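Since every read-out is calculated from the coordinates, none of them should be taken as a lab result. A quick note on method: Cβ atoms are made from the backbone with ideal geometry, for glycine too, and the neighbour counts reach across all protein chains shown.
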Amino acid sequence: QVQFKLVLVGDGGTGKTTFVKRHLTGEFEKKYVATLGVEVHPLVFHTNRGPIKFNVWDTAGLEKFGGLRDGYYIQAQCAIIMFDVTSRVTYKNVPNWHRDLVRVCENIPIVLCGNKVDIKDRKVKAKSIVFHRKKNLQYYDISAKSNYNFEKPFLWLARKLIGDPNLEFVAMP
Amino acid sequence: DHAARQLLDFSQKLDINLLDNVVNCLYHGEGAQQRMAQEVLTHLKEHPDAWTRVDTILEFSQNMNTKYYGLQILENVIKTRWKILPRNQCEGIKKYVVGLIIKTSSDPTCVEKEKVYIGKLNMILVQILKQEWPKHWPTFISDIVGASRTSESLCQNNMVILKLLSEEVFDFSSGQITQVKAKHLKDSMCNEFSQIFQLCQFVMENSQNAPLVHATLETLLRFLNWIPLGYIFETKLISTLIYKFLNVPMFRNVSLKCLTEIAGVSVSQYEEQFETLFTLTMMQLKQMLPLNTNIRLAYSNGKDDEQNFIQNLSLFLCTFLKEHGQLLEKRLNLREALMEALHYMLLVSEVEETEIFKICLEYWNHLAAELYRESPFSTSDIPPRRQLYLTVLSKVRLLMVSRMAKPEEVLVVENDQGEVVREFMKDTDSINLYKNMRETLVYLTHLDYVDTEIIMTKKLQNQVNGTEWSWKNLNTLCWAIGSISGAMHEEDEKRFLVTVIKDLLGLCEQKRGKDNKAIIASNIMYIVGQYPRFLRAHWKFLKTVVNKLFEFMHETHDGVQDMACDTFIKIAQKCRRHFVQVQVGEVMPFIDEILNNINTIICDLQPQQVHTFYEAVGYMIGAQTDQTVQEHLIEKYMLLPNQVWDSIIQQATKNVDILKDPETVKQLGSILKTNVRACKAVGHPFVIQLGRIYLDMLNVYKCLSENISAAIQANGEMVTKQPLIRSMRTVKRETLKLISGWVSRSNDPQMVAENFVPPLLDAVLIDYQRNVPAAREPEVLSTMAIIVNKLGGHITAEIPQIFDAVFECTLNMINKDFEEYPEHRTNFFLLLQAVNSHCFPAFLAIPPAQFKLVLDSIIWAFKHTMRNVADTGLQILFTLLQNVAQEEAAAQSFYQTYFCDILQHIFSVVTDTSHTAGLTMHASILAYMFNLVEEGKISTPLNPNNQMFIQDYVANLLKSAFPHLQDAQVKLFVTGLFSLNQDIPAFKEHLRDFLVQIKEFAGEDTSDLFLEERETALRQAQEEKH
Ligand SMILES: Nc1nc2c(ncn2[C@@H]2O[C@H](COP(=O)(O)OP(=O)(O)OP(=O)(O)O)[C@@H](O)[C@H]2O)c(=O)[nH]1
Ligand SMILES: [Mg+2]
């Protein structure tokens, strides 16, 4: 089939890997084990018009385990940026993750996610998330634990790449 | 595949194979290959050697991966140790960096030849500039405003250069670069920007080169973020942007996002230029958009270059209209475009993409607000400012009712025990949209209920015969009606409801088939639930709605049963007062009959719904304030669960094997989950219930936690994921939620500690220990901090007994890494926060040998990467230092045997690039510690004055771990820790300002920290503590 290089970045402890794991095996990781450099797992959802394959490049958030930061971004079709709605810090650094990303790939479909929206005491109040406006990005409010807008980040990217604003995930064989 | 761990990378040169690494990292590498490929490349970066990169490009290999990688190697060398390269090498790099730039940037065929590589060299060059631009190499700018005027292959690249240089100095200076240096580099460009703006104005007025100009344009948007206003308004720039670029397809978006920034500024001074900008552009849009064209279909089918424009325009309009509502109303000769623009914000205001409709809505909420602040009264005289908008307000009032959002955001999620439940998400973005439309609409209703009621009813009459019918439509409407609740007078509301709820009832007759009669009934039930004020006055009507809900309880048709309980608990809360007190024209209060006939209302309800139903009744039982009565309303309340409960207790008391049957254990989890709900409503008076089953409830919790442990041992830990050990795992956890719950809402601490605590000491804690680690429920720690945070002083004396049972055993699970047993990590330090912040006198009544293991635990806390746990630790430390500063006796003793060591640990965290998150707590504590040094301590850490010792101890401690720091910047830094030791905002910045210096070998001597600048800033702060 057709596969695209998805680049998943964002601050540490954000939930980037816990997210991929939930899509990969439906398992929810309760513990934090900072991924080193870059772990790449293939994620496949099928649509009404055939199956798609996202070779996800889950990168490291912690500055210490950065690795080849902007080197992982090369040859990417799309991208994801993630922060934590319980840590105002994870958001404040979004412009940065964005920066280095668009300097490598200056034109790719980009999604912006806010994880842990299931936590009652939301810290990054939704009425203050306006970075993606002038940067022509798309935004969702996912929750790796509850699955709030689980596939919406992918579904959205599926269209922006194929060119079919009518694409739909189904759960076929 | 091919590459194995044995890979040469020292004292040799194997270029031809370095490629096979990157082509095995960004390519072939399916997993095992690249996992190494990245590692071998990662560990080649810090391996000290800049010159090593020369051959990577000198002997280029057409692998832009390796070259980009070699570039990172060089950028690394510059960002870390540019100050320790003898000048012979500085030029060896400088001349070579710019050399390999022109020999590839001027090449016309380098269009697709790596836009990334070309960009990297720029960043690398900009990096050199950051390390040294005003100091040495002062010609730079002039050497560009002269060498760029040569070829256009050069000019187009020098623009993306200054775009980046501007982004590094102004946009992304804070954090990445030092503080006083940023100000140096900032007003350094602002100093000779007039010399580069000449060339900018030049390339826009003349050059016909498309890419070049697009760059000159794009790379200019960044300047607008800092440049002086003069270069904009006091020159033909605002004009040249609209006339020459705004209309063309390719420069369309670029010029628009420039104006959007300009219009975001205050209008108070250049009122003329803002005026001309508006009209000059508003007309230019008429020549790019027919004022009638369907915008939604221009988006539904249009390339990316088109879609983005619509969004940016939505921004420009929301920007200008909101930031210039002043200049647009007064200036009468501008009303021309004010309406021509308000109309544009109305055509685009109907696109499918949410992120665009949120920009427009943002403005509509603003407009409806400003006109409401003027006069919050309906159309009766004539409004002054509303005139211009009355026409539009109606169009907007429609926009809202037409596209209302689902208020109740609901989702079904499975938890840790596999069981599936329904959750109502809280502050999501979706459930926030409804609140912005509701507010917007509830403004344009207080401005005229008529116009809104007209759109509402006209939508309804068409929802019946007018066959505007559709499941999504009927929904969307009932979201709008249940939106403007209490927006009108109780009278105008009375007729509006009986009008709607009667037309929908007749509509429920027309539409036949259980399928359609459901969606209709639901949208009626919801409308009612959103109008509490109405239900309270008309009891006869209310007495019916609830009864008909007791009807839908039995409707096995999907969705209905859920709606019946949702719409029920909605009313049960807001009208709790009417169910308890006697009603006029009634035998006895209603709640009674509801309890006498409860075995028929839940007759065929899902377990999850039976719970929700009880919680609903719980509120009603609550409104009954009188004690004597409320107690009987509970004995009858919890009458069914107590039959099954006593049934199982009795059935099991004879042969305790009953508690091993998958069914009877599932039911116990169902009973408790009910008590947890009723208690979650009734409150304190629920104690009579909890106290009834308490001893039994614990005797079973104990009997289960054992069977789990035994099952974990003899059969392994994979039994923890099987059906039975799941049900038992829930019964255990729920018992904790009931206890931890009730206490949270208890209001008699002493009675709690005397009666309810003691049993736990044995049945919960002593059992939490006997349990094999992989069976210890962490909810036990949480359900403990909750009763400590609550009780406080009344359990202070029992803390020793608590810790003695759950402290050292829990800590021996989480001290072997920063990962395992996550819940036990968070729950533990939450418990520690409880004891420390309330029962502090309990840390004094314990041997200094135990306390040491406690303070040693808190350090272990804020050394976590678990952003939440790491914060819990810092929370305690600060509250610890404060509670200690109360009893000078144990206080001075504390400053003695710890202060130095603590100040050492809190420093191992600061200088770590993985705790910068909870930094604000660092600065907060480090400040309190250094302010405590100027008075507090009254003894001796070591030989010596006392403060002097710390000012050195810290210094000689930093200089040691970071030897590459000249004894100047270390002296200065330590000084600041006392200067702005009472200004946490700047203190926090002074720390980050240090974490930047330690990342680079600033060389032995350079004097670039700008001492006299950072010094007269610390003295400027030390002198401000007055
Ligand atoms: N409560 C809650 N916690 C979540 C949720 N999603 C993620 N987490 C937490 O986030 C952590 C995820 O860790 P990681 O996947 O390593 O996050 P990361 O940012 O990718 O780590 P690095 O890549 O090394 O920077 C887990 O410990 C989860 O407990 C959520 O939806 N709800
Ligand atoms: Mg990760």
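Mind ranking B:92-103, B:859-870 by how tightly packed they are, going by the mean number of other C-beta atoms within 10 angstrom, highest first? It would help to have the intermediate numbers written out before the result.
Numbers: B:92-103: 14.8, B:859-870: 20.8.
The densest-packed peptide leads the list: B:859-870, B:92-103.
Using +1 at the C-beta of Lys and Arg and -1 at the C-beta of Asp and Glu, which of A:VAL38, A:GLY12, A:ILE119 has the Cα lying farthest in the positive direction of the dipole of chain A?
Of the options given, the answer is A:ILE119.
Going by C-beta contacts inside 10 Å, put B:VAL145, B:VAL254, A:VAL7, B:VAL54 in order with the fewest on the left. Can you show the working numbers first?
On the way: B:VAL145 18, B:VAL254 22, A:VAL7 27, B:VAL54 14.
Placing the least packed residue first, the sequence is B:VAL54, B:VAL145, B:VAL254, A:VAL7.
For chain A, what class follows from the C-alpha gyration tensor (a ≥ b ≥ c being the square roots of its eigenvalues): rounded when a/c is under 1.5, otherwise prolate if a/b is larger than b/c, else oblate? Intermediate results must be reported in sequence, preceding the final value.
On the way: a/c = 1.32, a/b = 1.21, b/c = 1.09.
Rounded is the answer for chain A, as its axis ratio a/c remains below 1.5.
Counting DSSP beta bridges in the protein assembly as shown, what percent are antiparallel, to the nearest 5? Present the calculation step by step, with values, prior to reporting the outcome.
Details: 16 of 36 bridges.
Beta bridges within the protein assembly as shown, antiparallel portion: roughly 45 percent.
Can you work out the Karplus-derived ³J(HN,Hα) for every residue in segment A:37-49? Use 6.51 cos²θ - 1.76 cosθ + 1.60 with θ = phi - 60°, whole Hz, and x for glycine or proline.
Values per residue, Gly and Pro as x: x, 7, 9, 10, 10, x, 10, 10, 10, 9, 10, 5, 10 Hz.
Residues of A:120-132, mean number of Cβ from any other protein chain within 10 Å of their own Cβ, rounded to a whole number?
Details: counts 3, 2, 3, 0, 1, 2, 8, 6, 0, 2, 3, 0, 1.
That works out to 2 on average.
Compute the FRET efficiency between B:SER151 and B:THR80 as 1/(1 + (r/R0)^6), taking r as their Cβ-Cβ distance and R0 = 41 Å, and round to the nearest 0.05. Show your work: numbers first, answer last.
Numbers: r = 35 Å, r/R0 = 0.85.
Given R0 = 41 Å and the Cβ-Cβ separation, E is 0.75.
What is the local net charge at A:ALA158, summed over the other residues whose Cβ is closer than 15 Å to its Cβ (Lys, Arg +1; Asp, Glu -1)? Provide the component values of the computation, followed by the final result.
Values: positive: A:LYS5, A:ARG49, A:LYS53, A:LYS152, A:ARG159, A:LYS160; negative: A:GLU151, A:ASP164, A:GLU168.
Charge balance in the 15 Å sphere: +3.
Check the straight Cα-Cα distances from B:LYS660 and name the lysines below 25 Å, setting aside those fewer than 8 residues away within the same chain.
List returned: B:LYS673, B:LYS702, B:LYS721, B:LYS732, B:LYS737.
Could you work out how much longer the chain between B:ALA4 and B:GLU306 gets when fully extended? Use 0.36 nm per residue separation minus the Cα distance between them, nm to one decimal. Spell out each step's value before the answer.
Numbers: separation 302, 0.36 × 302 = 108.72 nm, distance 4.99 nm.
Answer, rounded to one decimal: 103.7 nm.
If we count every other residue with Cβ under 9 angstrom of B:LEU444's Cβ, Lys/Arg +1 and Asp/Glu -1, where does the sum land?
Numbers: positive: B:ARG397; negative: B:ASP448, B:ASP451.
For residues surrounding B:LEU444, the net value is -1.
Calculate for chain B the 222 nm mean residue ellipticity that helices alone would give, adding -39,500 (n - 2.57) per DSSP H run of length 4 or more and normalising by residue count, nearest 500 deg cm²/dmol. Could you put the intermediate results ahead of the total?
Numbers: 54 runs with 673 residues, N = 1026.
The helix-only estimate for chain B comes to -20500 deg cm²/dmol at 222 nm.
Which entries of B:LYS988/B:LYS1025; B:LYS406/B:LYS514; A:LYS21/A:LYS92; B:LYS79/B:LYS103; B:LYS863/B:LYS959; B:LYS67/B:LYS120 show an alpha-carbon separation above 19 angstrom in the structure shown?
Numbers: B:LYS988/B:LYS1025 16 Å; B:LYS406/B:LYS514 23 Å; A:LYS21/A:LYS92 25 Å; B:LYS79/B:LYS103 24 Å; B:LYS863/B:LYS959 22 Å; B:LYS67/B:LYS120 10 Å.
In this structure, B:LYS406/B:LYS514; A:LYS21/A:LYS92; B:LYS79/B:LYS103; B:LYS863/B:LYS959 lie more than 19 Å apart at Cα.
Within 13 Å, Cβ to Cβ, of B:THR476, how many net charges do the neighbouring residues add up to if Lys/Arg are +1 and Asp/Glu are -1? Provide the component values of the computation, followed by the final result.
Details: positive: B:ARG403, B:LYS406, B:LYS459, B:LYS472; negative: B:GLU468.
My count for the surroundings of B:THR476 gives +3.
Across bins of 20 angstrom width beginning at 0, how are the C-alpha pair distances of the protein assembly as shown distributed, in whole percent?
The distribution over the protein assembly as shown is 9, 31, 37, 20, 2, 0, given as percents.
Place a +1 charge on the Cβ of each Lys and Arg in the protein assembly as shown and a -1 charge on the Cβ of each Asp and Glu, then give the dipole magnitude about the Cα centre in debye, rounded to the nearest 20.
On the way: 126 positive and 137 negative charges, 367 e Å.
Value, rounded to 20: 1760 debye.
Suppose a student asked you for the relative contact order of segment B:840-887, using Cα pairs under 8 Å spaced at least 6 residues apart; what percent would you report?
Details: 22 pairs, mean separation 12.7, N = 48.
The value is 26 percent.
Summarise the partner chain shielding of B:421-430 as one whole number: the mean count of Cβ atoms from other chains within 10 Å of each residue's Cβ.
On the way: counts 0, 0, 4, 0, 7, 6, 11, 12, 11, 6.
So the per-residue partner count for this stretch is 6.
Take peptide A:70-83, look around each residue's Cβ out to 10 angstrom, count Cβ atoms belonging to other protein chains, and average those counts.
Values: counts 8, 12, 3, 1, 10, 5, 1, 0, 0, 0, 0, 0, 0, 0.
Mean partner shielding for this stretch: 3.
Run through the DSSP bridge list for chain A and note the antiparallel percent, rounded to the nearest 5.
Details: 11 of 30 bridges.
Within chain A, antiparallel bridges account for around 35 percent of the total.
What does the C-alpha gyration tensor say about the overall shape of chain B? Classify as rounded when a/c is under 1.5, otherwise prolate if a/b is larger than b/c, or oblate. Mind dumping the intermediate values first?
Numbers: a/c = 1.99, a/b = 1.21, b/c = 1.65.
Because a/c hits 1.5 or more and a/b fails to exceed b/c, chain B counts as oblate.
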